[PDB]
Amino acid sequence: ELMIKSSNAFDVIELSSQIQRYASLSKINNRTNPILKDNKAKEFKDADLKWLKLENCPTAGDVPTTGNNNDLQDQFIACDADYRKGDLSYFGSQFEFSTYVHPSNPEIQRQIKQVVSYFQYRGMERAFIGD
Amino acid sequence: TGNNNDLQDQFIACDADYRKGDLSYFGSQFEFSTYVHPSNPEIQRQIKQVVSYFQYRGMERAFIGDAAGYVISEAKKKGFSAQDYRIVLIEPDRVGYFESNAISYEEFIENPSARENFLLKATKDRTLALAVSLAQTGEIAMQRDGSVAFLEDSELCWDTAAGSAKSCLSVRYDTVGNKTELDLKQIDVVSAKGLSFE
């Protein structure tokens with residue numbers, strides 16, 4: 001049944017919100033958000049979403065942990081997760097920054113202005129992307 | 001509460017039983033970490049992850065993937081976000097149970113080779129079950145009763161008219177001081193009425 005249009009959209013909102021959650025954190029697991037340690041005005045994060053998966057997973061992601069694997073680890077997506085599926089296939093996210101100096105964290109060198117997550121339409125007719 | 005005039009918050013009815021259907025509830029495995037609650041001494045640990053198992057009693061093992069797809073579709077239908085769905089074989093342990101072999105739902109449906117290898121190890125002493133994994137993350141909602149505490153070094157922020165500049169504050173600990181600091185230095189000015197110190 002064609003309710004996979006709603007089941008695809010749910011995956012889009014779930015992933016986008018986790019990208020929004022990630023974008024709003026200055027510290028993750030008592031360690032600086034890795035995307036804030038640079039100074040360029042734009043960075044694109046790849047569709048494989050390794051940058052959003054934890055470092056302590058079978059294939060190492062880019063998200064930091066406390067180091068102690070007995071502590072509660074905050075995470076954003078499961079490690080086998082892939083959102084390059086369905087009519088709306090995750091294509092990556094565009095971050096735009098401004099340089100910023102944090103009053104209590106010298107490793108923070110830029111702040112997030114806006115994050116845009118792209119989902120390429122692999123639907124049957126390009127006219128249906130509105131649907 | 002003890003007091004029968006109050007509205008009682010509950011989770012399931014008294015007669016409720018979910019050991020029914022193709023996916024029969026088998027129990028839940030909680031994993032914890034040691035924790036110290038800042039305002040409640042009865043709290044000595046916090047939840048890391050919850051995995052709830054539903055054993056498949058269908059006549060054909062291959063159909064658990066089909067039955068699972070309906071669960072996942074029903075989850076997205078009702079607005080429930082889970083963290084990881086998996087097909088598992090579990091055995092009794094000294095305490096609870098433990099996972100002998102496991103396969104992700106996506107691999108169970110898209111790789112018949114991996115599927116039958118997993119169904120192969122399905123023996124008489126193991127139970128075929130669906131693994132629904134919860135992860136207690138930063139997403140946990142802060143309650144108006146304050147029972148839920150912030151995570152270490154997390155920042156409470158305000159939207160300001162500066163556009164997309166955030167003006168935050170936090171309670172940090174300096175082990176190189178053994179002192180708790182209420183850091184407001186991100187805010188330019190703090191304007192009080194009365195003010196006292198020690």
# chains A, B, ... in the order shown; residues from 1 in each chain; ligands from 1
>>> interface_residues(of="chain A", to="chain B", cutoff="9 Å", atoms="only C-alpha atoms", output="compact mmCIF listing (two decimals) with N, CA and C atoms, in the first residue's frame")
# COMPACT_ATOMS: atom_id res chain seq x y z
N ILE A 4 3.75 4.24 2.24
CA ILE A 4 5.19 4.31 2.40
C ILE A 4 5.60 5.74 2.09
N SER A 6 3.99 8.21 3.80
CA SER A 6 4.05 8.66 5.18
C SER A 6 5.17 7.98 5.97
N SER A 7 5.49 6.72 5.64
CA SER A 7 6.54 6.02 6.36
C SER A 7 7.92 6.52 5.96
N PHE A 10 8.25 10.10 7.83
CA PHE A 10 8.61 9.98 9.24
C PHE A 10 10.11 9.82 9.42
N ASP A 11 10.75 9.01 8.57
CA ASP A 11 12.19 8.87 8.67
C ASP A 11 12.89 10.20 8.39
N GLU A 14 12.46 12.36 11.67
CA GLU A 14 13.28 11.79 12.73
C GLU A 14 14.75 12.13 12.54
N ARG A 21 19.13 18.55 16.66
CA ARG A 21 19.64 18.37 18.02
C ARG A 21 21.16 18.48 18.04
N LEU A 25 24.02 21.64 20.06
CA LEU A 25 24.83 21.28 21.22
C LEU A 25 26.24 21.86 21.08
N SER A 26 26.71 22.50 22.16
CA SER A 26 28.09 22.97 22.21
C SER A 26 29.04 21.87 22.67
N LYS A 27 28.58 21.02 23.59
CA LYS A 27 29.37 19.91 24.10
C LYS A 27 28.58 18.61 23.96
N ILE A 28 29.28 17.54 23.58
CA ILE A 28 28.67 16.22 23.43
C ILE A 28 29.50 15.21 24.20
N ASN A 29 28.89 14.59 25.21
CA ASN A 29 29.58 13.63 26.07
C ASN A 29 30.82 14.24 26.72
N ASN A 30 30.65 15.46 27.25
CA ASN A 30 31.72 16.21 27.91
C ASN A 30 32.88 16.54 26.98
N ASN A 70 31.36 2.27 30.29
CA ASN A 70 30.32 2.01 31.27
C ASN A 70 29.38 3.20 31.48
N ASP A 71 29.78 4.40 31.07
CA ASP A 71 28.94 5.59 31.22
C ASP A 71 27.84 5.62 30.15
N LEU A 72 26.77 6.34 30.48
CA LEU A 72 25.67 6.53 29.54
C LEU A 72 26.14 7.38 28.36
N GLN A 73 26.11 6.81 27.16
CA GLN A 73 26.55 7.51 25.96
C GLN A 73 25.36 8.10 25.22
N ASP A 74 25.32 9.43 25.15
CA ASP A 74 24.36 10.12 24.30
C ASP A 74 24.69 9.85 22.83
N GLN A 75 23.68 9.50 22.04
CA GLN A 75 23.86 9.22 20.62
C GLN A 75 22.72 9.84 19.83
N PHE A 76 22.89 9.91 18.51
CA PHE A 76 21.90 10.53 17.63
C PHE A 76 21.21 9.53 16.71
N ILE A 77 21.96 8.65 16.06
CA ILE A 77 21.38 7.61 15.23
C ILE A 77 22.06 6.30 15.57
N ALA A 78 21.34 5.20 15.35
CA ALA A 78 21.94 3.89 15.51
C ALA A 78 23.07 3.72 14.50
N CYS A 79 23.96 2.77 14.78
CA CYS A 79 25.18 2.64 13.99
C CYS A 79 24.97 1.96 12.65
N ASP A 80 24.04 1.01 12.56
CA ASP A 80 23.74 0.41 11.27
C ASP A 80 22.75 1.24 10.47
N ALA A 81 22.42 2.43 10.97
CA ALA A 81 21.38 3.24 10.36
C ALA A 81 21.80 3.75 8.98
N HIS A 102 34.16 31.18 22.45
CA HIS A 102 33.30 30.78 23.56
C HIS A 102 33.92 31.18 24.90
N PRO A 103 33.10 31.72 25.81
CA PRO A 103 33.63 32.23 27.09
C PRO A 103 34.20 31.16 28.00
N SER A 104 34.02 29.88 27.70
CA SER A 104 34.46 28.81 28.58
C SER A 104 34.99 27.60 27.84
N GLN A 111 30.18 29.18 15.29
CA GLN A 111 28.84 28.88 15.75
C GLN A 111 27.94 28.66 14.55
N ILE A 112 26.91 27.86 14.74
CA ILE A 112 26.06 27.44 13.64
C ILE A 112 25.01 28.52 13.37
N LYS A 113 24.91 28.94 12.11
CA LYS A 113 23.87 29.88 11.72
C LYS A 113 22.62 29.16 11.24
N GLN A 114 22.79 28.16 10.37
CA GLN A 114 21.66 27.43 9.83
C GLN A 114 22.15 26.09 9.29
>>> residues_around(residues="residue 91 in chain A", least_positions_apart="2", cutoff="10 Å", atoms="only C-alpha atoms", output="PyMOL selection string")
chain A and resi 45-49+83-84+88-89+93-94+117-121
>>> residues_around(residues="range 32-37 of chain A", least_positions_apart="5", cutoff="9 Å", atoms="only C-alpha atoms", output="list in words")
residues 22, 23, 25, 26, 27, 43, 62, 63, 64, 97, 105, 107, 108, 109, 110, 111 and 112 of chain A
>>> write_last_selection(atoms="N, CA and C atoms", output="tab-separated table (two decimals), in the first residue's frame")
chain	number	residue	atom	x	y	z
A	22	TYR	N	21.82	17.74	17.15
A	22	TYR	CA	23.28	17.82	17.03
A	22	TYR	C	23.75	19.26	16.80
A	23	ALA	N	23.07	19.99	15.91
A	23	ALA	CA	23.48	21.34	15.57
A	23	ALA	C	23.38	22.31	16.74
A	25	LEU	N	24.02	21.64	20.06
A	25	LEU	CA	24.83	21.28	21.22
A	25	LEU	C	26.24	21.86	21.08
A	26	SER	N	26.71	22.50	22.16
A	26	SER	CA	28.09	22.97	22.21
A	26	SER	C	29.04	21.87	22.67
A	27	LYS	N	28.58	21.02	23.59
A	27	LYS	CA	29.37	19.91	24.10
A	27	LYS	C	28.58	18.61	23.96
A	43	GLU	N	30.42	23.89	5.55
A	43	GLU	CA	30.90	22.52	5.51
A	43	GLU	C	29.74	21.60	5.17
A	62	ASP	N	32.11	9.76	13.89
A	62	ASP	CA	32.76	11.02	14.23
A	62	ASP	C	32.28	11.63	15.54
A	63	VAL	N	31.26	11.07	16.17
A	63	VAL	CA	30.68	11.64	17.40
A	63	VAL	C	31.47	11.15	18.61
A	64	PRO	N	31.91	12.05	19.49
A	64	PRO	CA	32.77	11.64	20.60
A	64	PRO	C	32.02	11.00	21.76
A	97	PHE	N	28.26	28.71	9.03
A	97	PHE	CA	28.82	29.16	10.30
A	97	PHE	C	29.17	30.64	10.28
A	105	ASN	N	35.11	27.65	26.51
A	105	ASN	CA	35.61	26.53	25.72
A	105	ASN	C	36.45	27.08	24.57
A	107	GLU	N	38.24	25.51	22.40
A	107	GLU	CA	38.21	24.69	21.19
A	107	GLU	C	37.07	25.06	20.25
A	108	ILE	N	36.10	25.83	20.72
A	108	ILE	CA	34.98	26.28	19.91
A	108	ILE	C	35.40	27.54	19.16
A	109	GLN	N	35.37	27.47	17.83
A	109	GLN	CA	35.84	28.56	16.98
A	109	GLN	C	34.80	29.08	16.00
A	110	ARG	N	33.63	28.45	15.94
A	110	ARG	CA	32.57	28.90	15.06
A	110	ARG	C	31.24	28.47	15.67
A	111	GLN	N	30.18	29.18	15.29
A	111	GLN	CA	28.84	28.88	15.75
A	111	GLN	C	27.94	28.66	14.55
A	112	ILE	N	26.91	27.86	14.74
A	112	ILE	CA	26.06	27.44	13.64
A	112	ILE	C	25.01	28.52	13.37
>>> atom_distance(atom1="CA of residue 56 in chain B", atom2="CA of residue 30 in chain B")
20.7 Å
>>> residues_around(residues="residue 182 in chain B", least_positions_apart="2", cutoff="9 Å", atoms="only C-alpha atoms", output="list in words")
residues 169, 170, 171, 172, 173, 180 and 184 of chain B
>>> closest_residue(among="A:116, A:98, A:106, A:57", to="residue 39 in chain A", atoms="only C-alpha atoms")
A:98
>>> select_by_dssp(residues="chain A", states="strand (DSSP E)", output="ChimeraX atom specification")
/A:27-28,31-32,42-45,88-99,110-121
>>> atom_distance(atom1="CA of residue 90 in chain A", atom2="CA of residue 51 in chain A")
13.7 Å
>>> select_by_dssp(residues="chain A", states="helix (DSSP H, G or I)", output="ChimeraX atom specification")
/A:4-23,34-36,50-52,126-130
>>> residues_around(residues="range 121-128 of chain B", least_positions_apart="5", cutoff="9 Å", atoms="only C-alpha atoms", output="number ranges by chain")
B: 54-57, 61, 64, 87-92, 100-101, 116
>>> atom_distance(atom1="CA of residue 51 in chain B", atom2="CA of residue 28 in chain B")
5.6 Å
